Amino acid sequence: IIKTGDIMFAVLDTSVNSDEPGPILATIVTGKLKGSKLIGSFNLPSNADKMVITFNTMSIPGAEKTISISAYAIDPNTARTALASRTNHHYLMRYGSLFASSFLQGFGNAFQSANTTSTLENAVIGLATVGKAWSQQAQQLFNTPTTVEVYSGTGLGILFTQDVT
Amino acid sequence: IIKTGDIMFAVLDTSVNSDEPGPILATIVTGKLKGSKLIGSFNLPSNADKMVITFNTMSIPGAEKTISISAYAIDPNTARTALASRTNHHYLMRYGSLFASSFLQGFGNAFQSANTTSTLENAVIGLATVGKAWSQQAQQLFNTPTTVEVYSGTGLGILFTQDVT
Amino acid sequence: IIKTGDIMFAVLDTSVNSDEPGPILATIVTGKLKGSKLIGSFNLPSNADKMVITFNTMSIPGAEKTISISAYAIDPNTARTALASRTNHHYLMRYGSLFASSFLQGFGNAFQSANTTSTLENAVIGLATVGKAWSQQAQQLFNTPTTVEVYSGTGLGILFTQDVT
Amino acid sequence: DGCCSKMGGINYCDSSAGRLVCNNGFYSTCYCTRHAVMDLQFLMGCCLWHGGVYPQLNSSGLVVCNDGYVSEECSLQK
Amino acid sequence: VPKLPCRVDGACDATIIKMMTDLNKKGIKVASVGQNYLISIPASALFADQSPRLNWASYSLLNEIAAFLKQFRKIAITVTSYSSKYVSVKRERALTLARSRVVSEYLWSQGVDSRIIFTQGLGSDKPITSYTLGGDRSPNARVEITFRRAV
Amino acid sequence: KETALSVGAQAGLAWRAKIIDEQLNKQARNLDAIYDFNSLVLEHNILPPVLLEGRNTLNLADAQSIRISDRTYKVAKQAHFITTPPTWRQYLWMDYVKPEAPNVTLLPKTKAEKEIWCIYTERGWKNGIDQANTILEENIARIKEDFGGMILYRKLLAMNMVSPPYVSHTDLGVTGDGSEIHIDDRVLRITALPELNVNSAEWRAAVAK
Amino acid sequence: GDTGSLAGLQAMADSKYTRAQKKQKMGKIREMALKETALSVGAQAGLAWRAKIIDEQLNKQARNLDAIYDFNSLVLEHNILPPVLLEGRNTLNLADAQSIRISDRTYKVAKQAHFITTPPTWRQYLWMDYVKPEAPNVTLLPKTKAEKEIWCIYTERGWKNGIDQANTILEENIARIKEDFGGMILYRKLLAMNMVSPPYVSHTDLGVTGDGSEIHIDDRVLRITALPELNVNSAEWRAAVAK
Amino acid sequence: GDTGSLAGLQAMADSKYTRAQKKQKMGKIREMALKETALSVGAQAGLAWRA
C-alpha cells in the first residue's frame, strides 16, 4: 500500500529525443521500493518550454508481478515540471533562411528595375531567381517546432496518482 | 466530519505553467488534517488575470482508503483568486515583430516610390522583401496568449466544497 | 521468467538501408540466452536523427520453440536510441540542383532583358531554356529525406519491454 | 579533541576496556566502543518507563504507548 | 556522537599532566604505579605543631588536591596518617585520627564521587626513615592518600 | 494567526519539561531516600497492598434518604508477587521531545504582524508552562497516594485489622526425563489474599505515652 | 531557533531568517536521497575491507588455534562425538502472579551424541567469507562542496558501521564455538562424576558373504544402542573433593 | 582501489572520474563479442594440433 500522491526518487537513463516517442525506463533507488523499475513514455506540449513524462508500467522485484500505477514526475532541485535541455534549435535557422531568400528576391527585381533612372546584372540574375523558390520552401518548412531532448544521465522525483495493493 | 466550506491551509511546491494540465500536488499542513494531502490539476482562464487549481483527490494516510472531495483555492492572507506571478510575458515580442516587419515593408515600397522625385536601393531591397513574409508570419502568430505560472514554493489557503466521513 | 526491464547484448550483422524493410536477424549472445536468434525489421522516424529496430521474433535453440517477446534497442557503447550512420546525404544535391536551375533561369531572362539599354546570346539561350524544366523537376524531387543505413558490422544492446515464461 | 594529547599520542583502542590507550602507559579519557562504562543521567524520547510508542498511528495527533498509557506531553493538544 | 558523550565530563588529561607536574614541582609527592595512585603530603605543610587545626593558607592547596581528585572515576579512597613520637602512644594515635578525620570530612563535603572514604591514623608505627631529628619537621610525620583507578 | 500561539505553546511545554527533568535529576539522593520500597517489602518479595480510609462520611441518596458512616475502608490494588522494588522514575520522570518543526508559512512581514506574533506567542508559552506543572502535580499526587496506601496497610496489620498473606510451598527432589533434569523443585503459592476482618473481638486498641 | 524559544521565536520573527528559509527549504525538499546511497556504499566498503583484514589476521594465528581446540583428542574410543550439555544455575521463574517456580540447578541436552568420521575443526565456525567487489555504481553525484563534504562524512559513517557489523558477526561466531566446546567438556565432567550413562555400542560380524559374483571378506556391523543421557537415581552419584 | 576506498570514494565524489564513466562504456561491450570467439577458435586449433 502506497499513499496516494506521495513522492519518491528514481534515475532515468534512457536517451531519446522528443521527436520519436518510445519506451523510457527509470529505477527507484531508495525508500521502500529498491530495484523497482518503471516504464512509460512522454507526450508533446503546445509550447516548447517544458517536457512532461508518462509513467504507468511499474514492476516491483521479488515476484512475477507488474502493477499499473499511472503517475507522473517532478523536476528535482528546481521543483518544476520541465526538462533541463536545450530549446534554441530552430529559430535562427528558419529566420535566416527566410530573410536570405526574401532579400535575394528583392535584390534581383529592384536592382533590375532601377536601371532606367554585366557582373552587377549577374548579381541581379542570381538573387532574382534563387530568391523565389527558396522563399516558398522556407514558407513551407518554417513551422517546425523546437525540440527538447531527455538525458541519459539524470535523476528525478516521482509523485503518485492512484492507489495500489 | 469535515464541515462544508471551511478554511484550511496547504503548501504548493510544484511549479507548473498554465500550458499543460497534469497531476500537481499540495499537502495539508495545519488544521485537523496533518499528513493528509491533495492532488489534481489546474484550469485555464479566458483572460490574463488569474489561475485556479483543479484539486480533486484527497488522501489521508494509515488505511488503504481514499476520499473524493474536490475543492478549489483561495489566496493566503489576501482573500483573492489570482496567481502571484508575471503576466507581461508576450506582448512586447509580438508587437515589436509586427511593427518591425510593417516598417520594413513601408521602407521598401515608399523609398522605391519616391525615386522619381546603390546601397540606398539595396536598403529598399532588404526592407522591401523581408517586410512582407515577416508581416504575414506576425499576423499568423500574434494571437498567442500571455500565460501564468504557479511557483515552486508558494503556500496557499483552502476553501472547502463538499464533505466526507 | 525474464523480469521486466533488463539489459542484454547481441550482434547485428546484416546491411539494410532505411528504404526497404525486410527480415533482419540479430543474434543474442550473452546473459542467459546464447545462440538465440531475433528476426525483425526497422521503423522510419519522422525526422532522421535516430534509428530503432522493431524486434519481435525471438527464439532460443535446443528445443523447437519461439517465444513472442517484442522489445526495442539500446545503443552498445552509448545506451541511446540512434544509429551509427551519417546524415548529410541529401542536402547539397537538392540545394545545388535548385540553385543552378534558378540561376540559369535568371541569366537567360535578365541578360535578354538588358539587351536594349552572338555567343553571349547563346549563353542567354542555354541558361534561359534549360533552367525552367530543371527548376520544376527540382521542385518535384526536392522532398527526398536524408536517409540512414544500418551496419553489417555493428553489434547491439537490448532493453526489455514485457516478460516471458 | 586530541584524546591522548600532550603525550606520545594514541596507541590503539582496547575494546575489552572500551578505552583508548595513550602511548605512555596511561589510560585516556575518551572511548571507542559503545559498550563502555559511561554515566547516563539524561534521556530523550517518549513513552519511557512504559511499553514504548506504538508503531501504529492515530488519525489525530494522539500518541499511545504500548502498555495503554497515553502521553499528552508528547501528544499535540487543542 | 551528537547524543553520546565523546569523553568523561571535566576531562583534560593534558591539564592533568600539567597539574601533576606542578604538584611534584611544589614537592607534594605524586606516585603512579599501575592503576594505584599515591599522594603524600608533609604534615608541617598542613597543620600546626602537633595540632588538629588547619592552617588557613592550606585551603588553596586543598582546593588543588580536590581539583586533581575530581578527575578520575574511582571507588574508594584510603587516608592514612603518620606522626612522630611525642608523649605517649594513644596521644599520637588520637592526633593522627583527628587529622585524618578533618581532611576526610572536608573532602567528603567536596565533590569527589567516591563511594567509600576510609580513614585511619597510626601515629609513629611505620616510619619511612631512621632519621629522627625533628618533631613534626621530620618527613615521616605525614598524610598519605591512596586509591585504585577503576576501569 | 493562531499558529504562532499554538507552536509557542508547544515550545514552552517542551522547555519547561526539560528544565523540570533537569531539576528532578539533580535532586537525586533524598528522593530515593524518602521513597524507599525495599525496606517496605514483605517476606516473600510480595508487594504489600494499598488501603484507603475515609472518615465522617454523609451521603444523600435522594430526596429524603440519608446514610451516615464513621470510617470506611477500601482495598485499592490487590497485593501480588514482584521481582523488583518499584521506583519513582515510573511515576515522576516526564517525557521530552524537541519540537523541530516551526511551519514556515506565516512569517511576519509588517510590524503589526510582529506585535501580534509576540503577544500570541507569549500567551501560548504561559499556557504550556501551566499545563506542564499540572501534569507534574498530578503525578506527585498519584505517587503520594500509592505510598500512603502501602503504609496504611502496614499500620493496619500492626493494629490487627487485616489478615496477613498466606503462602504454601511444595518441595520435590529431582524430576524430569533422562535428558532434562532439575535438581530441586520449589513451588511457591499463595492461597489467602490479605483482607479485612469483620468481627469485634480481634480489634487491638492503641495507646501512647 | 527554538531552544530559549521565547527569544528563539522573537529572533525567527526577523526577516533575514525568512529570506534564508527560501534557500534552505528547496534544498530540504529532496536532498536526503544521497544519504542512503552514501550509507549503502560505506557499509559495503567497510564490511568488505574489515572482512579481509580479519581473515588475514585469523590466518596469521593458525597454530595455537588448533592447539587449543583439539577436537581430535576429544573423541571417544569408538570414534564417537560426545553430546552437548548445558547447565543452568539458580533459576527463578515467574509464570504469572501468585505462583513462583524455583530451582537451583538444571541440566539440558542440546545435541544428541552420534557417529563421526573426522574431527570438526574451527574453520567451519570462524572463517569469514570474502569476495572482491569491483562495482561501485553511484547514480547520485554531488554538485558543490557542501554536498561533497556531507557525502564524505556520510561515507565515513557507513564505513564505521560496516566495521562494527563485521565485529558483531565475529563475536557471535566465537561465542558459538565456545559454547559448543563447553558442552563437550561438561559432558566429560559429568561422565567422570557418574551422572550420565556412557554411550554403548553393540556389534555383530559375519565371515564371508555374497554370491560367486560379489564377495567381501569379513563383514562387521557396528550399531549404537544406548544414547547417553542423565540419570534420575541421584543417590548413586559419586562426589568429589580437592586438596 | 578499494583498500583505500575512502580515498577512492572521495575521488569518485570528485568529478574527474565522472568523465571516466563514459570511456569505460565503449570498451565494455565490443570485447565481449570477441573474447569467447577467440577462445573457441584457440581451443579448436590447440585440440587438433595436440591430437
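The record lists cryo-EM as the method behind this PDB entry and 4.6 Å as its resolution.

> Would you take a moment to explain the packing of aromatic side chains for this structure?
To describe a pair of aromatic rings, you give the distance between the ring centres and the angle between the ring planes. Counted by the stated rule, this structure contains 26 aromatic pairs over all chains. Ring plane angle 40° and centroid distance 5.4 Å describe the contact between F107 of chain B and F111 of chain B, whose orientation is recorded as tilted. Remark: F111 of chain B and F107 of chain B occur in helix α1 (residues 92–113); sequence separation between them is 4 residues, near one turn of the helix. Under the relative-accessibility criterion, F107 of chain B is labelled partly exposed at 32%. Taking relative accessible area as the criterion, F111 of chain B reaches 43% and is therefore assigned partly exposed. Geometrically, the ring pair formed by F42 of chain D and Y96 of chain F is stacked, given 6.3 Å between the ring centres and 15° between the ring planes. Of this pair, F42 of chain D sits in the segment after β3 (27–31) while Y96 of chain F sits in the loop between α3 (89–92) and α4 (111–158), on two different chains. Members of the aromatic cluster, joined through ring pairs, are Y95, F99 and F142 of chain A together with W134 of chain B. The side chain of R94 of chain A reaches across the aromatic face of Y95 of chain A, ending 5.7 Å from its centre. Above the face of the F142 of chain A ring, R94 of chain A is positioned so that its terminal group lies 4.5 Å from the ring centre.

> Explain the pairing of strand β2 (residues 24–28) of chain C to me, please; I cannot follow it from the model alone.
Residue and element names in this part refer to chain C. Taking every second residue as pointing to the same face, the buried face of β2 carries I24, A26 and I28, while none of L25 and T27 on the other face is buried. Strand direction decides the pairing type here: strand β1 (residues 7–12) and β2, joined by 2 bridges, are antiparallel. Counterpart to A10 in the pairing with β2 is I28. Where β2 and strand β3 (residues 36–42) come together, 5 bridges link them in antiparallel fashion. When the bridges of β3 are listed, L25 appears paired with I39.

> What should I look at first to understand the sheet that holds strand β2 (residues 36–42) of chain E in this one?
All names here are of chain E. With mixed pairing, 5 strands are arranged side by side in an open sheet as β1-β2-β5-β3-β4. Here the strands that pair on one side only, and so sit at the sheet edges, are β1 (29–33) and β4 (116–121). Recorded for the sheet is a direction-independent mean angle of 15° between the axes of neighbouring strands. Sheet topology note: the strand β3 (residues 76–82)/strand β5 (residues 142–148) ladder contains 6 bridges and is antiparallel. Pairing of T78 across the sheet is with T146, part of β5. Across the sheet, helix α3 (residues 89–109) lies against β3 and β4, angled at about 160° from β4, the strand it touches most.

Rules of the game
Residues numbered from 1 in each chain as written, not as in the entry; some residues may be left out. Chains lettered and ligands numbered in written order. Part of a larger assembly, values for the part shown. Heavy atoms only, no water. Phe/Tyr/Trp six-rings, centres within 6.5 Å; stacked < 30°, edge-to-face > 60°. Helix = DSSP H or I, 4+ residues; strand = E, 2+ residues; numbered from the N terminus. Buried < 20%, exposed > 50% of the residue type's maximum accessible area, 1.4 Å probe, protein only. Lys NZ or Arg CZ within 6 Å of the ring centre and 35° of its normal. Pairing = 2+ DSSP bridges. Axes fitted to C-alpha atoms, helices over the stretch in contact; angles between N-to-C directions. Contact = heavy atoms within 4.5 Å.

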